[PDB]
Amino acid sequence: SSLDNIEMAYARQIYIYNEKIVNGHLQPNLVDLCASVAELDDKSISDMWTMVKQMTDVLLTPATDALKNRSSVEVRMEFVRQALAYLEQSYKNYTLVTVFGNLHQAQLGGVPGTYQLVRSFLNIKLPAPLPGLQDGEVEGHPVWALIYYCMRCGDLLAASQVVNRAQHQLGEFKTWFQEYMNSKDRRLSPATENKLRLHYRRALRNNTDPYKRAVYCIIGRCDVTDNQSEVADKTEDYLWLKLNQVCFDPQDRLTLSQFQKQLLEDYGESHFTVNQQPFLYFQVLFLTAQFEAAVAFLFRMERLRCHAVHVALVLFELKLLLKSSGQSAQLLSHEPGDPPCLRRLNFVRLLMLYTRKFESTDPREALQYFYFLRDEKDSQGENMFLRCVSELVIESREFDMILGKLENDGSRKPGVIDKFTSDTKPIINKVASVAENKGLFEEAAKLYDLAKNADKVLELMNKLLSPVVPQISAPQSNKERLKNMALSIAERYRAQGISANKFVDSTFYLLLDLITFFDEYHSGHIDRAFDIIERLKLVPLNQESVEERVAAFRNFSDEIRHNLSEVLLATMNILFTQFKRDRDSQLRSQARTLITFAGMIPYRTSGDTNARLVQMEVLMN
Amino acid sequence: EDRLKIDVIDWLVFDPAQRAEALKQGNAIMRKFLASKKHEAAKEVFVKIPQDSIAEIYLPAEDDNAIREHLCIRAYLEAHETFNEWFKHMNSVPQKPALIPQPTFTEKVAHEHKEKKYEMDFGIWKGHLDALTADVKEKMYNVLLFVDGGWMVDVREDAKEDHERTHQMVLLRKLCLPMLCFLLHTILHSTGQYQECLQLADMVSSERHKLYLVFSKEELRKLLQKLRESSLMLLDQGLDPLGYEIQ
């Protein structure tokens, strides 16, 4: 097996999600089905899916195009809020593990109020007082530190409580903050927003209290260039600092498009992967709505291929992933007729790479991933899922497992693909078609016979029999192994009343009779073998039938005319033997008949055959 | 391995400066196939040899013989191309009209016509036959009586030793000259030319060709039981064994 522990667990989860859609059940939450395995690994992966769920848990317009949802200002706004809510909660967990040694340890004693937690967080991260703080303290801590880390944790209420106990010190900041907490989308009114920004810009552009600076332009979304590096030293603190500063419809203003493009264009992977920590960059792209970038990026880490494919599937089963129309493009690209700030993922190629790894010895699991390509076609029109099953069968040669083995008793035990579509007639011909083009007739027959395509089964069975008609049928020979399959196809084609056009069909049952004629001839059962050839009315034995038999030879399958030479000789040698054992006249007359027939028929080795036939007739007299 | 050999010919034919080596090797290759009677094999090679090879090449003992051998081989092939046509025809004789005993007066007339049309076709199927018999015969005498030293027999005697080829040329004579004789006998007998059948015993025994040395003792007797058969039909006609009027 080519699948690692983690990859295998995901496969099982994707089998469920397929079993549900294959039986018409409720469309379960894919993101939940993937996070179910994440908990079996380190929290590096669990915290990823947590971000994936929260970033995709946005009210969408079902049955709407992918590009439309992702271009709409409506959806683009909720992404920023879902990310901020993740950066705030994520930071809140950092504040817990900073005070208590373990999340469990914090829980048993009880998670304290965000206010008392933050206070018990300031104790550690600033034990001694910084001399540059302003506006005094509140219950033993600087008022601005409390406000910042409370807003950072996302509890505006806890921050407003701090403000209520410092009404005299904070001046007019109270009426401004109380408006920020009330107004939605973390934005103030243009009039009041103007009043505070100008005040900050007036004489507080450079204040000795960094926490004061941070809060002001987090509330006013100002000084976008100043990264407030004094307080936002971590990467998440930067993302959170900026997403609280982005704006929507000219100076000192930043928008999501600029920010998202500004980040990866100027400070690409190189900047965010110098510490050899891959998820850091992924979180930067995913929490900025650049899902295709983050997916391709994370898909290149050979250790995190599994995770990047699935986060792509989630975005794909939620009409959020922007697929690349052309299949000839690179993995990541920007369509020419699209804005430059969005990118597109060649989803078809993405799955095709992941599959090649475990498609060789783990076919069942491969199909589960090929199903997601059911909705796509190629330039030639083939259904992508169907084509992927053809290529996977041509390579793996797993016919019984994937296509269903058709035993020699008339049964068709369904295969693994039967689960996904009930119309399995084309691919069985596709797979049968190539194997036919590769001279693998004995297989192409079994495959065509699996799809009950007798036109092709009998055609190929005619080719495999004609060479072996006069041969000696011996144990385990190529004659027995082909005759016995032909008879197993004759019964199942009569018991089920199946037949190809009379040309293909007539020749097929005719060869089977001839194969019996030589099997009796090679055994010495001369009398019995003579009777068979007489029924077939293939070789004339009375002079009257020569005219009609000669005309019939003209339109009989060349697979029959080929073996005419051996038939005449065996029949002659049959009469020849019976002569040495009135009757003499009758054999003599029949001997003549064979000669005149052979004389009027142009066929294989007519030279040596016509001569031998005449000699055997002379010895009779 | 058939293709390996028939394919090495196009490589030697491509370069006109090696036409003498292309022919020589073409001969060898066709000598192996002839011993197996692979005539479509031998001929598929025979066409690859440009039809104007002989003209251009113009002489070492190895080139005089290979030119002769090539034509010998063509004389042999053409003696099988025309026989298989002739033989194919011998086996396509117009069939007698079918009889409908107790006929209606309708079936009586359809049959008076089918019987009169057949008595036109059988005349032409002797017509086409005679012309395919006159032609296949000529070819069989071009091989059997090959001009200037017999078939597959070098005229040039100053080449360097090639036991493989030389013994391949003796063999080809012992496989194919008994076999061409027996065919010609079958052609002469099939067309009722019995007097001439018996005159195969002059051709063979002849000291001019010494064809009888290419025969095994068994093959001889067989040819002698073939001629005694033509003789019979000559008695049935009222003539002596050899076809001459009984005075």
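Residues numbered from 1 in each chain as written, not as in the entry; some residues may be left out. Chains lettered and ligands numbered in written order. Part of a larger assembly, values for the part shown. Heavy atoms only, no water. Residues with missing side-chain atoms left out of burial classes, pairs and counts.

- Structure determination for this PDB entry is given in the record as cryo-EM, at a resolution of 37.0 Å.

## Focus: the overall build of chain A
- Broken down by element type, chain A carries 34 helices and 6 strands.
- Its C-alpha atoms give chain A a radius of gyration of 41 Å, clearly above 25 Å, the size a compact globule of 621 residues would have.
- For chain A, the spread of C-alpha atoms along the three principal axes comes to 140 × 50 × 40 Å.
- Buried residues in chain A amount to 50% of all 621 residues.
- Surface accessibility of chain A: about 29,900 Å² in total, with carbon and sulfur atoms responsible for 49%.
- Taking the average place of the 74 positive charges on the side chains of chain A and the average place of its 78 negative ones, the gap between the two points comes to 2 Å. (Helix = DSSP H or I, 4+ residues; strand = E, 2+ residues; numbered from the N terminus. Rg over C-alpha atoms; globule rule 2.2 N^0.38 Å. Buried < 20%, exposed > 50% of the residue type's maximum accessible area, 1.4 Å probe, protein only. Areas by Shrake-Rupley, 256 points an atom, 1.4 Å probe, with all protein chains shown as cover. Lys, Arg positive; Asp, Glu negative; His and termini not counted. Charge placed at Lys NZ, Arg CZ, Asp CG, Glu CD.)

## Describing the overall build of chain B
- Each helix and strand in chain B was counted, giving 10 helices and 0 strands.
- Rg of the C-alpha trace for chain B: 23 Å, well past the compact-globule value of 18 Å for 247 residues, more than 25% over.
- Each principal axis of the C-alpha atoms in chain B carries an extent, and together these give about 80 × 50 × 30 Å.

## With respect to the interface of chain A and chain B
- Across the contact, 17 residues belong to chain A and 15 residues belong to chain B.
- Its residues assigned to classes, the side of chain A that touches chain B shows 9 nonpolar, 6 polar and 2 charged. (Contact = heavy atoms within 4.5 Å. Nonpolar A, V, L, I, M, F, W, Y, C, P; charged D, E, K, R; others polar.)

## Focus: the state of the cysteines
All names here are of chain A.
- Under the counting rule described, the total for this entry stands at 1 disulfide over all chains.
- Across the disulfide, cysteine 217 is cross-linked to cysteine 222 (sulfur-sulfur distance 2.0 Å). Sign of the S-S torsion, about -105° for the bond between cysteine 217 and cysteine 222, identifies this disulfide as left-handed. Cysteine 222 carries the same exposure label as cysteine 217, and that label is buried.
- Summary of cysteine pairing: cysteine 150 is not part of a disulfide, and the nearest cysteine sulfur, belonging to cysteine 153, is at 6.7 Å.
- Not engaged in a disulfide, the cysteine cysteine 247 finds its nearest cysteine sulfur in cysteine 222; these two sulfurs lie 12 Å apart.
- Looking at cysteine 247, the relative accessible area reads 14%, which means it is buried. (Disulfide = S-S within 2.5 Å.)

## Brief notes about the pattern of salt bridges
- Counted by the stated rule, this structure contains 55 salt bridges over all chains.
- Note that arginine 213 of chain A is salt-bridged to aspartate 226 of chain A, the shortest N-O span being 2.8 Å. Of this pair, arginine 213 of chain A sits in helix α13 (residues 210–219) while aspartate 226 of chain A sits in the loop between α13 and α14 (235–243), and the two are 13 residues apart along the sequence.
- Judged by relative accessible area, which is 9%, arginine 213 of chain A ranks as buried.
- Across the pair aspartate 121 of chain B and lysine 117 of chain B runs a salt bridge whose closest N-O atoms are separated by 3.8 Å. Placement of the pair is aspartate 121 of chain B and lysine 117 of chain B together in helix α6 (residues 105–144), with a separation of 4 residues, close to one helical turn. (Salt bridge = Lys/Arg side-chain N within 4 Å of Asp/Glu carboxyl O.)

## Section: the environment of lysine 5 of chain B
- With respect to the secondary-structure elements, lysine 5 of chain B resides in helix α1 (residues 2–14).
- Along the primary structure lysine 5 of chain B and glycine 26 of chain B are separated by 21 residues, whereas in three dimensions their C-alpha atoms are 9.1 Å apart.

## Points about the side chain of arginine 173 of chain B
All names here are of chain B.
- Note on placement: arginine 173 falls in helix α7 (residues 163–190).
- For the buried residue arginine 173, which engages in no salt bridge, the nearest side chain bearing the opposite charge is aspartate 154, 10 Å off.
- Ignoring anything within four residues of it in the chain, the contact list for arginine 173 reads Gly150, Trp151, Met152, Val153, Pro178 and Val214.

## Section: the packing of helix α25 (residues 441–450) of chain A against helix α27 (residues 478–495) of chain A
Residues and elements named next belong to chain A.
- It is at 12 Å that the axes of α25 and α27 come closest, and there the two elements cross at 15°. Between α25 and α27, the crossing angle belongs to the class labelled roughly parallel. Here α25 runs over α27; the crossing is left-handed. Between α25 and α27, the residues in contact are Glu442, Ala445, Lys446 and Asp449 and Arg481, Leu482, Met485, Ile489, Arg492 and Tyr493, respectively. (Axes fitted to C-alpha atoms, helices over the stretch in contact; angles between N-to-C directions. Parallel < 35°, antiparallel > 145°, perpendicular 65-115°, else oblique. Left-handed = near helix turned anticlockwise from the far one by under 90°.)

## What to know about the side chain of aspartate 223 of chain A
Residues and elements named next belong to chain A.
- Within the fold, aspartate 223 resides in the loop between α13 and α14.
- This buried residue, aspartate 223, is left without a salt bridge; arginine 201 holds the nearest opposite charge, at 4.1 Å.
- When near neighbours in sequence (up to four residues on either side) are disregarded, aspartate 223 contacts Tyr200, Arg201, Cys217, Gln245 and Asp252.

## So, the nonpolar core
- Core analysis: the largest hydrophobic core is formed by 269 residues, its most contacted members being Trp49, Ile147, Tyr148, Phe286, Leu403 and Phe508 of chain A together with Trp151 of chain B.
- Residue contacts for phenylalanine 508 of chain A: discarding those within four places in its chain leaves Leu458, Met461, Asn462, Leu465, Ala486, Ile489 and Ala490 of chain A. (Core = buried A, V, L, I, M, F, W, Y, C linked by side-chain atoms within 4.5 Å.)

## Observations concerning helix α17 (residues 278–286) of chain A
- Across the 9 residues that make up α17 of chain A, a large majority, 8, are buried.
- Along α17 of chain A, the residues that are buried comprise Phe279, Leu280, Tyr281, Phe282, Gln283, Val284, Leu285 and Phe286 of chain A.

## Some points on the packing of helix α5 (residues 61–90) of chain B against α7 of chain B
All names here are of chain B.
- Two elements in contact, α5 and α7, have axes separated by 12 Å at closest approach and are oriented at 30°. Taken together, α5 and α7 sit at an angle that is classed as roughly parallel. In the crossing of α5 with α7, the sense of the turn from one axis to the other is left-handed. Counted together, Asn65, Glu69, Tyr76, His80, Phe83, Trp86 and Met90 of α5 and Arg165, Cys176, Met179, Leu180, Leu183, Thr186, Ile187 and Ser190 of α7 form the full contact between these two elements.
- Grouping the amino acids of the contact of α5 with α7 by side-chain chemistry returns 9 nonpolar, 4 polar and 2 charged.

## Points about the packing of aromatic side chains
- Per the counting criterion, the structure on display carries 36 aromatic pairs over all chains.
- Residues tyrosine 148 of chain A and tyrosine 149 of chain A carry aromatic rings whose centres are separated by 5.0 Å and whose planes lie at 85° to one another, so their mutual orientation is edge-to-face. With respect to burial, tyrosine 148 of chain A and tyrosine 149 of chain A carry one shared label: buried.
- Between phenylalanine 173 of chain A and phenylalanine 177 of chain A, the aromatic rings sit 5.7 Å apart at their centres with planes inclined by 40°, giving tilted as the arrangement. Of this pair, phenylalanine 173 of chain A and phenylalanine 177 of chain A both sit in helix α11 (residues 173–182), 4 residues apart, which is roughly one turn of that helix.
- What makes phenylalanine 177 of chain A buried here is its relative accessible area of 0%.
- Above the face of the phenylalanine 553 of chain A ring, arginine 561 of chain A is positioned so that its terminal group lies 5.9 Å from the ring centre.
- Above the plane of the ring of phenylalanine 105 of chain B lies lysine 108 of chain B, whose end atom (NZ or CZ) is 5.9 Å from the centre. (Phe/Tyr/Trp six-rings, centres within 6.5 Å; stacked < 30°, edge-to-face > 60°. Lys NZ or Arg CZ within 6 Å of the ring centre and 35° of its normal.)

## Focus: the environment of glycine 439 of chain A
Residues and elements named next belong to chain A.
- As for its placement among the helices and strands, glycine 439 is situated in the loop between α24 (425–437) and α25.
- Judged by its relative accessible area of 47%, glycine 439 is partly exposed.
- Remark: the alpha-carbon pair of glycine 439 and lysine 502, spanning 63 residues in sequence, is separated by 24 Å.

## A word on a nonpolar patch on the surface
- On the surface, a cluster of nonpolar side chains totalling about 240 Å² of accessible area is made up of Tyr94, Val97 and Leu103 of chain A.
- Mapped onto the elements, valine 97 of chain A comes out in helix α5 (residues 73–99). (Patch = residues over 30% accessible without salt bridge, like charges linked within 9 Å, V, L, I, M, F, W, Y side chains within 5 Å.)

## Quick look at unusual backbone geometry
- Positive phi is not limited to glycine here, since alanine 63 of chain A has a value of about 65°.
- Inspection of the secondary structure assignment puts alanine 63 of chain A in the loop between α3 (43–56) and α4 (66–71).

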